[PDB]
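Residue numbers (full-length UniProt numbering), protein chains in the order written: chain A, 7 to 377; chain B, 7 to 377; chain C, 7 to 377; chain D, 7 to 377; chain E, 7 to 377.
Ideal Cβ positions, reconstructed from N, Cα and C, are used throughout, including at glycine.
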Amino acid sequence: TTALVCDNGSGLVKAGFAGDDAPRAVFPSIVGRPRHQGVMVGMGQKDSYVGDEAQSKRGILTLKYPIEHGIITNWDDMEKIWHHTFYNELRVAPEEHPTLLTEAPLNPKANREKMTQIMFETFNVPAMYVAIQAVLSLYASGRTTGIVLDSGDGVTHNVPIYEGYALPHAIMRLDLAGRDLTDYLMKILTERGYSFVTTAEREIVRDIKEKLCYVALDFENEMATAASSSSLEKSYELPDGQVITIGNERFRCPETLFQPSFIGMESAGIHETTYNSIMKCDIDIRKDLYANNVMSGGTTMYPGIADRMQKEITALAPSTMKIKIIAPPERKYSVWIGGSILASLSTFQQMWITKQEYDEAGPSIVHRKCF
Amino acid sequence: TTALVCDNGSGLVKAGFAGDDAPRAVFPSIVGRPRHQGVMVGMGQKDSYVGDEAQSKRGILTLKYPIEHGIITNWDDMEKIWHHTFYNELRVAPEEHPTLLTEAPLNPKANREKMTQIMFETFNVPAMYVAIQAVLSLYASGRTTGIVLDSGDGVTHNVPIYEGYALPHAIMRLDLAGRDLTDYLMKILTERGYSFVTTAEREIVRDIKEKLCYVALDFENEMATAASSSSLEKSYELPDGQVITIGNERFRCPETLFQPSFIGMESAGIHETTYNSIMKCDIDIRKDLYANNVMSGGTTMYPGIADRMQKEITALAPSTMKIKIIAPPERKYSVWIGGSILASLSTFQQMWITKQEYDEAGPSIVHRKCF
Amino acid sequence: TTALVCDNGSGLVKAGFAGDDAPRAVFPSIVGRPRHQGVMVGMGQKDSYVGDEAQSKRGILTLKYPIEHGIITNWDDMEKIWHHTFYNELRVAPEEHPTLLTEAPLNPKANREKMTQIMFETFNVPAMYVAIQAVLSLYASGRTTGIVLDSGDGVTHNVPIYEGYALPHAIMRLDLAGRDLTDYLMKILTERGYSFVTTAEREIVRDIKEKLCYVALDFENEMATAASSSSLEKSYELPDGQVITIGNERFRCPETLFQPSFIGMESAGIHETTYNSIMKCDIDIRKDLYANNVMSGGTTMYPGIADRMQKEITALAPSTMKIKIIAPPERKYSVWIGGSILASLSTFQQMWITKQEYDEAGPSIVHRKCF
Amino acid sequence: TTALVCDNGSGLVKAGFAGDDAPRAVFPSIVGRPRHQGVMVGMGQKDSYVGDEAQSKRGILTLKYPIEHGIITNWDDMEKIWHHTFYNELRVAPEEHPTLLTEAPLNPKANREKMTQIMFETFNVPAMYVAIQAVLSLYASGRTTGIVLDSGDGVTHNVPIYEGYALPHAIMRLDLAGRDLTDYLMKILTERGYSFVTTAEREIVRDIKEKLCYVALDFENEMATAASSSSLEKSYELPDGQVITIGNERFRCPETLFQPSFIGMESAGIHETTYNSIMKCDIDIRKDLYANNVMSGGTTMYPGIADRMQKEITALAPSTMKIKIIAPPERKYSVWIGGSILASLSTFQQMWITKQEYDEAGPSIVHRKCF
Amino acid sequence: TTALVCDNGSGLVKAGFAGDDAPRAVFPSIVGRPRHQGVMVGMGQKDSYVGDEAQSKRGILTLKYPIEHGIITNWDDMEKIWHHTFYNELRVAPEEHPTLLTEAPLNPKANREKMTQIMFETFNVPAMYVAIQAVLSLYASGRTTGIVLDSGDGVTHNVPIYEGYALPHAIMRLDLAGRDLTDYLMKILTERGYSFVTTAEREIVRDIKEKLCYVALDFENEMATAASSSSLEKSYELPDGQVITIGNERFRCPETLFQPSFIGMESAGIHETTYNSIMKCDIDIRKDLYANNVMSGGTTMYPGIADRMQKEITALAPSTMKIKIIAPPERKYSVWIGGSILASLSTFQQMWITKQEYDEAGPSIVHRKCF
Ligand SMILES: C/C1=C\CC[C@H](C)OC(=O)C[C@H](c2ccc(O)cc2)NC(=O)[C@@H](Cc2c[nH]c3ccccc23)N(C)C(=O)[C@H](CCCCN)NC(=O)[C@@H](C)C1
Ligand SMILES: Nc1ncnc2c1ncn2[C@@H]1O[C@H](COP(=O)(O)OP(=O)(O)O)[C@@H](O)[C@H]1O
Ligand SMILES: Nc1ncnc2c1ncn2[C@@H]1O[C@H](COP(=O)(O)OP(=O)(O)O)[C@@H](O)[C@H]1O
Ligand SMILES: Nc1ncnc2c1ncn2[C@@H]1O[C@H](COP(=O)(O)OP(=O)(O)O)[C@@H](O)[C@H]1O
Ligand SMILES: Nc1ncnc2c1ncn2[C@@H]1O[C@H](COP(=O)(O)OP(=O)(O)O)[C@@H](O)[C@H]1O
Ligand SMILES: Nc1ncnc2c1ncn2[C@@H]1O[C@H](COP(=O)(O)OP(=O)(O)O)[C@@H](O)[C@H]1O
Ligand SMILES: [Mg+2]
Ligand SMILES: [Mg+2]
Ligand SMILES: [Mg+2]
Ligand SMILES: [Mg+2]
Ligand SMILES: [Mg+2]
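Shown next, in the form of C-alpha cells:
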C-alpha cells in the first residue's frame, strides 16, 4: 500500500514509510550473542539480541555487524535484523507493502540477488526495488546536478549526475569508511593508555568519536596547537563513571579521510577522489559539478568537514571556478529521505520488481535498469 | 503570406521572414543525443536535443551535423532541425507562409528532390523555391556584377555573374570549408599538448578558432615572428576554468584556405580558384569581375582575409587591372539577406513552385529554371 | 521634310540628315544575343542588344552581322538595326522624312525589293531612293570624272564615271573586303600564340587591325626588315589588361588587298582591278580616269594604302601617264557625305520613289533609272 | 637507320618504328609527382613518375599533362616524356635514327622551334621532320582526297586535301576536345552525387567515359528514353570496389561534340565545322570531299559517332549529294600509321631536316615546305 | 658504435642493440616507492625500485608509470628508468653508442624536445633519432604498403603508408589502450566480488588479463553462451594461494577495443578507426591498404583479435575487396624489431641528430624530417 523505505546499510539501520520526513525505526545493524557462558535454555534466556537490545546488554555480548564494506557477509544475522525491523520496530508485515532497498554501487551481483530472494521468500514483499544510495541522496537535496559523496560506516562513494543523467563511468568507491576511523581511534587511544579491545569497548570508542571528533581546517597547525594547549582537550565519562581525556586524537581520527595513508591505504583522500571523479567527467560538465558537491552519510557529520573539503577542492580546482559544498543538517538521513521521495513518485511506481516478474524472470531481474 | 527565408546550410541554421534585415532564428545545425547511458524514458528525459539545447547540454551528448559538404546525409535529423526552426524558434506553422530555401551549387539532384518532398509533406509549405546561395549573396551586396565567394562550414564556392546574367560554365566548388579548418586546428593543437577528441571538444575548438584565428598577410614572416615573439600568443579560458595558450596555430589554421595542401588536398587555394573562375570567363567580362570580388559566408570573417586575397589576386592578375574585394560586416548573414530581398521582389513572386504544381509535375519541378 | 541619309552597309551603320557634314548615328551593324544561358524573361532582361549595346556587353553575347558581302541575309535582325537607328540613335520617326539608302552594285534584285518593302511597311517612309555607294563617293569628292574604289567591310568595288556619265559596262566587284582581312588576321595571329576564336574576340582583332595595321610600300623589304628589327613591333593592351605584341602581322594583313591569293582567292589585287576597269574603258577616257582615282570606304584608311596604289598603278600604266590618287581624311564617311549632297540637290528632288508610286507600281519600281 | 615515328600529342604518347603496323610504346603523356609530403631523398624514392608509372602510383601523385590544346606548355616535363619514350619504352638512342614528329595545325611557331631545338640538343636526332597530323591520317586511310577530322585529347581539327593537293585556306581548328568532354563528365556526374575532384579522380572519369559513353543518334529521343528506362544505365566498378551507376551521362558527355554550347563554347559542332570547311572549298571540290569524310583520333571512337555525323552532314548537305564517312577500327592509331607510311616513302627521304641544315639555317628551317 | 634501440613506451620498456632479433632488456616502465612508512635511511634501505625490482617488491610499494598515453609526465622517474636500462639491464654507457628512440604520433612537441635534451645531457648519447612507432612496425613486417595499427598500453594509433611514402594526413590516434582495458577489468571484476584497488592489485589484474582474456568473434553469442555454460570459465591463482574464477569478464574486457562506449568514450572502435583511415586515403590507395592491415603492439595479442577485425572490416568494406590482416607472433616486439632494422640501414646512417648539430641548432632539430 505505502512503500516501506529501508536503508539497511553498514552500521545503522534506517527504516520508515514513504511519505514520512524521517525513519521511524533507527537502530544499529547488530546481532549480539552471550559471551561468557552457554545459554541456559531451560530458563527464560535468549540466544541473541538485536539492535538496541544488543547495545543495552552489550556488557555480556559479542557483537557482530552482518554488513562489512556494504556487503552482507552474514546472511543469517541479516535475516534477523530485517525480521526485527519489520516485526519489532515498525511492526508491519512485509506482505502489506512494497519495499525500497538501497545499496552501495560496485557491489557483487550476488549481494542483490540474495537480498532480493530473501525479501521474496522469508518475507513476501509484493514488490521491491534496489536503489543506489548516492542517487537517493541527490534526490533528497532537490538538485538534479552534482556529485554525491556518500560516506557511511562501510563504504565511501562518489556518484556524479548531470541534469538528471547518471554518469556511470565516473563512479568511485573507497573502502575507507567510518568503521575504519573508529578502528583507528581505538589504536590511537592506546597512546594515552586507554585500551579498548573488546567489541563492547569498540562501541564506546564509536560514541567517543561521535561526540568529540572534528576535522581540523589546518591539520598541521591544529597539531602544533594541541602540542602546547589544553584548550583542545575534552573529557569523556565512561559507562562505569571513570573519566578519560581525549586530546589531539579528536582530529587525528577524521584526518584519515583526507590522509588514508594513516591506516596504510593507497587511497586518495576524499577531496582527491571527488576531484578525480570531476576530472573524469566531460569538460562541459565539470563546472556544474564543482558548484554542486553534495555530502551525505554519517561520516560527513564531523564538524568542519564541509569547510575542510571546500578548502581542499578549491586548492586543486582552477582559481576561477566556483566551488560549493552542500551539507544539510539532515545528511545522516539523506539517503533514507531520498528513498521516501523516490517511492512516492508516479514514475517510480512503474519500475518496481513485482513478485510475479521475479518468479518468472528469476534473480537476474534485480539488475534491470529500464527506469 | 510573408515568405519565410531559411538558409539551412552546413553548420549553422539561419531563418526569419522576408522583409526582415536579419534572421530571427539562428542556431547550430546540430542534433545531440545522450552519450553515457540509455535514456530513462519512464522519467521526464529526452532522447535528443536540437541547436542551442544540444550546445548547452553538450557535455553528455554525442553531437551530429545532418549536413556534410552542403549535402543532407541524415534526413531524420534534418527533419528534426526543420521542425525545431518552424515550431520552437520562429514559432510559425509552415502552412501559413511560402518558403525560400537555399542550396550550394553542384549538389546531387536527389538533395533538392528530397528536401522539396519533405517541405511538401511533413510540413505543408504552400509554395517553395530553392535558390543558389552565391546568387543570393550577390543580391545582398546590391551589385549586378561580380564573383561571389561563398565560404561556409561545408562548401566553398565561386559563382560569377555578369550584369545580371549567370555564367554557369565557370562555377567552381571546393570541399575545403570551415569544418576542415576546425578539424585541422584540432590536429594542430596536439603540438602544444591540448588534445580535443570528443564531439563537445570539437565545439570548443570551433569557439577557439572563431575568437583567436586570423589570416596572416605574409605567412612566412608571421611564422618567423611567432617563432621569437610572445606578442602573437593569446590565452583562452576553457569551460572548466583551465587556461590554454594558442600561438602560431592562430594563423596556421586559416592559412589552409590559401594552402589546402596542409590537410592533403590538391585543391587550389581560394585566391587561385577565384582567379581561375575569372580566367574561364570571356575576356570582355574579366575586367568587371576583377573589380567586383564579393565575399560572403562565415569563413570569410577571419580578420585579414580580405586583405590577403587582395594581395594574392593582385599578384596573379595583370598589373594594370583593378582588383577589388567587397567584404561587408554582414557577410555572415549575406545569403540570408539576399533571400529576404529576393523573396520580396515582384518578379520572384511568379516563380514559386506551388503545391499544386508539385503534385502534378512531381519532384523534377525543383530543377525548373524558368525565372 | 529633310531627307535622312542612311549608309547602312556591311559592318558599320552611318546615318544623319541631308545637309549635315557628318552622320549623327554611327554604330556597328550588330545584333547581339545572350550566349551562356537562356534569358530570364520574368526579370528585367533583354533578348538582344544592338550596336553599341552589343559591343559593351559583348563578353556574354553572340554577335551577328545581318549583312554579308553587301547583302542582307538576316532580315529580322536588319529590321532591328533600322529600328534602332530611327528610334534610339537619331530619334526621328520615318514618317516625317524621305530616306536615301545606299547599295553596293551588282547585288541581287531581291535585296532592293525587300529593303524597299520594309521601308514602305514596317516603317512608312514618305519616299525613298537607293543609290550606288561609289556614285555617292564621287559626289563627295566634288569631281565629275574618276574611278571610285569603295572598299568596305563586305564589298570592294570600282565604278568609273566620265564627265558625269556612268560607264556601267566597266563596273567591277570583289568579295574581298575588310571582313576577310580581319578573318585573315585572326588566323595570322595564331603564329604568335594568340588565339582569337569567339565572336567577341573577332571584335578585338578588328580593333587591333584598325590601330596597328598599315600597307607596306615594299612588301618584301618590309618582311626582310621585320625579320631582324624590333622597330616594326607594337604592343596592344587587351580588355583584361594582358599585353600582346604584333610584328609583321601589321602589314601581312592589309597586303591581302594587293595579294588576295593569301586567303585563297583568284581575284586580282585592288590595283589590278582598278587598272582593268580603266583598260575596259574607251581609250579617250582612260587618261582622265588615270588622273582621277578616288578612294573611299574604311579599308582605304590603312596608312600608306594610297601610296602603295600610286606605285602599283604607275608600274602597270604607260610611263607618260599621270597617275593620281585622291584619298581625303573623310574617306570613311565619303559615301554618307555624297548622300547628304545628293539628297539636297534640286534635281534629285524629282527622282524619289514615293509611297503612292510604289503602291501602284510594286517593288520593281526600285530599279527605276529615269534620273 | 629506320625512322622513328612519334605522335606525341595531347593526352597519349604513341611511338614506334617506321614500317611497323602499330606503335610499340603507348603510354599517357603524364608526369606525376608525390602529393602528400616531400620526397625522402636519402631513401630510394623518386621525385617524379612517367606514363604508366604515374598511373599505377596515381593515388599519391599530382598528375600533369605537359601538352594543352596541342601546345607544349611545360617543356621540362615534355623532355622527361621524350626521354622516357626513347630510353625506357622503345629503348633506342635518338642518335641512331631520324625522327618524324607530328603537330596539330595553326600552332604557335615557337612550339615547333623549341621542339626542334630539343630533338637537336638534349637528344641528337640525325634528322627530323614535323608533319601535320591530319595529313598523316589521310595517308593511313589510303585516300588522296577527303576531309580529315582529327579529334584528339586537346585539339579537334579539319584538313581538306584534294587529289593530293592541300587546301590550306580551309583548315579549321577547335579547342573542344576529349579533355573537355572528360572535364564536362566530371561536372555532369555531380548530379548523381559522384564527386571526382582530384587529378587521379580525373583519370577514373576518363576511364568511365571510354568504357560507357556513346553518341546518341537522336539526342532528344535518347534523353526521353533515359528518363523512363533503366535499360540505358550501366554500372562501373571503381578502384576501391565501390560501384556507381551512370545513366544519361553516357550520351550527354559526347553530345558536347555536336553541341559545344553545353560547356559554354560558341564553336560550331563537329558536323558544322566539317560542313563549313567543305563550303569554303571550290564548288568543283565539294562533291569529292562530301564523299570522303575521314575520321581519326581517339574521340572518334565513341560508338555511334560515325552514324551521327552521317545523319548531321546529310541534313546540311544537298539531297542529291553522296555523304560518306570513313571510320576504321584503327582510327586511334591512324596518325601514327600515316607517319609510318610517310617515313618509309622514297620521296619523304629527301625532305628531312638534317642536323647540318639545322645548324646552318637555325630554327626557322622547321617551317620549310619544299616537299 | 652499434646503435642502441630503445622502445621505451607506456607500460613496458624494450631495449637492445641494432642487429639483434630481440630486445635484451625487457622490463616494466615502473618506478616504485615504499608505501607504509618512511625510509630508514641509516640502514641499507632504498627509496625507490625500478622495473623488475618494483614488481618483486610491489607488496610494499606504490607503483607509478612515468608515461601516460604515450606522454612522459614524470621526468624524474623517466630518468631513473633510462638510467636503469643503460646501466643495470644492458650495462652499456650511452657515450659509446648512438640511440634510436621511438614515439607515438601526435604527441606534444615538448615531449621530444625534453627527451632529446636528457639523452644529450644526463646521458651523453653521440647521436640520436626519434622514430614513429607505427613506421617501425611496418619495417618489421617487411611490407612497404599498409596500415599499421599499433596498439599499446597508452596509445592506439593508425599510420597508413603507401609504397614507402607516408600519408600523414590520415593518421589517427585514440587514447583507448591496454591501460584502460586493465582499468575496466578491475571494475568489471567487482561484480563477482573481487576487489582490486591498490596499485599492486592493478598489476595482478594486468596479469589476469594477459592470461585469460580473448576477443569474442561474436560478442552477443559469446555472452549468451557464458550465461549458461561453465565452459567459458577459467580459474586463476592469486599470489597468496587464493583462487578466483573469471567468466564473461574474459571477453567483456577486450571487447572495449571494438566498443569504447563501455568505458564512456565517443571513440570509434579499432575496426572503425582503421576503416576511416582507409576512407580518408585516395581511392587508388585504398585497395592496397585494405589488403595490408598490419597489427602490432601488446594489445593485439588477445587471442582472436585478428579474426575479429577481419570480420568487422569485411563488414564495412566493399564485398569485392580483399581484406587481409597481418598479425605475426612477434607483434609484441614489432616496433623494437623495426628499430633494429632501421638503425642498421645505410641510409638511416646519414639522418642521425648528432651532438654537434644539436648544440648548434637547439631542441627544434628533433623535428627534422629531412630523411
Ligand atoms: C564515385 C565517387 C563517389 C561515390 C561513392 C559511392 C559509390 O556512392 C555514393 O555513396 C553516392 C553519394 C550521394 C549522397 C547524397 C545524395 O543525395 C546522392 C548520392 N555521394 C557522396 O556521398 C559524395 C558527397 C560529396 C562531397 N562533395 C561533393 C560535391 C558534389 C556532389 C557530391 C559531393 N562523396 C563523399 C564523394 O563523392 C567522394 C569524396 C569527395 C570529396 C573529396 N575531396 N568521392 C569519391 O569517392 C570519388 C572517387 C567519386
Ligand atoms: N556526529 C558524527 N560524527 C562522526 N561520525 C558519525 C557521527 N554520527 C555518526 N557517525 C558515523 O557514521 C556511521 C553511521 O552513519 P550512517 O551513515 O548512517 O551509516 P550507514 O549509512 O553505513 O548505516 C558510523 O561510522 C558512525 O560513527
Ligand atoms: N569569426 C569567425 N572566424 C572564423 N570562422 C568563423 C567565424 N564565424 C563563423 N565562422 C565559421 O563559419 C562557419 C559557419 O558560418 P556559416 O557561413 O553561417 O556556415 P553555413 O553557411 O555553412 O551555415 C563555421 O565553420 C564557423 O566556424
Ligand atoms: N583605320 C582603319 N584601318 C583599317 N581598316 C579600317 C579602319 N577603320 C575602319 N576599318 C575597316 O573598315 C570597315 C568598316 O568601314 P566602312 O567602310 O564604314 O564599312 P561599311 O561601309 O561596310 O560599313 C571594317 O572592315 C573596319 O575594320
Ligand atoms: N573508346 C573511346 N571513347 C571515347 N574517347 C576515347 C576512347 N578512347 C580514347 N578516347 C579519348 O581520346 C583521347 C586520347 O586519344 P588520342 O586521340 O590518341 O589523343 P591524342 O591524339 O591527343 O594523344 C582522350 O581524350 C581519350 O579519353
Ligand atoms: N597476451 C596479452 N594479451 C593482452 N594484452 C597484453 C598481452 N600481453 C601484453 N598485453 C598488454 O600490452 C600492453 C603492453 O604491451 P606493449 O605493446 O609492449 O606496451 P607498450 O608498447 O606501451 O610498452 C599492456 O597493456 C599489456 O597488458
Ligand atoms: Mg549509507
Ligand atoms: Mg552558407
Ligand atoms: Mg560602304
Ligand atoms: Mg592526335
Ligand atoms: Mg608501443
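Using a CB distance below 7 Å, the part of the stretch 251-273 of chain D facing chain B consists of 269 and 270, ordered along the chain.
Annotation for residue 84(E): the continuous alpha helix (DSSP H) segment containing it runs 81-90. Under DSSP, residue 162(E) shares a beta bridge with 157(E) and 180(E).
With respect to residue 90(C), residue 9(C) sits apart: the two C-beta atoms are not nearer than 9 Å. Proximity of chain E to residue 63(D) at the Cβ level (cut-off 7 Å) is accounted for by 169, in chain order. A direct Cα-Cα distance of roughly 32 Å separates residue 203(B) from residue 374(A). Contact annotation: in the stretch 330-364 of chain B, no residue has its CB less than 8 Å from a CB in chain D. Distance check between residue 250(C) and each of 289(C), 210(C), 261(C) and 276(C) places 210(C) closest, using alpha-carbon atoms only. According to the DSSP secondary-structure assignment, residue 251(C) is paired through a beta bridge with 241(C). From the listed residues 351(E), 7(E), 327(E) and 131(E), the smallest Cα separation to residue 48(D) is found for 351(E). Contact annotation: residue 326(D) and residue 299(D) have beta-carbon atoms that are not nearer than 9 Å.
Within the chosen limit of 8 Å, ligand 4 reaches the beta carbon of residue 185(C) through at least one heavy atom. Interface criterion not met: the Cβ of residue 371(B) is under 9 Å from no Cβ in chain C. Not one heavy atom of ligand 2 lies closer than 8 Å to the C-beta of residue 266(A). Secondary structure at residue 298(E): coil, using DSSP grouped into helix, strand and coil. In the three-state reduction of the DSSP assignment, residue 126(C) falls in the coil class, being assigned neither a helical nor a strand state. Residue 314(C) counts as buried, since at least 16 other C-beta atoms from the protein chains shown sit within 10 angstroms of its C-beta. Going by DSSP, residue 134(B) is part of the beta strand (DSSP E) stretching over 133-138. At least one heavy atom of ligand 4 sits closer than 8 Å to the Cβ of residue 18(C).
Taking a Cβ-Cβ cut-off of 9 Å, the neighbours of residue 68(B) in chain E comprise 272, given in sequence order. Below the 7 Å Cβ cutoff, chain C contributes no neighbours of residue 31(D), its closest Cβ being approximately 29 Å away.
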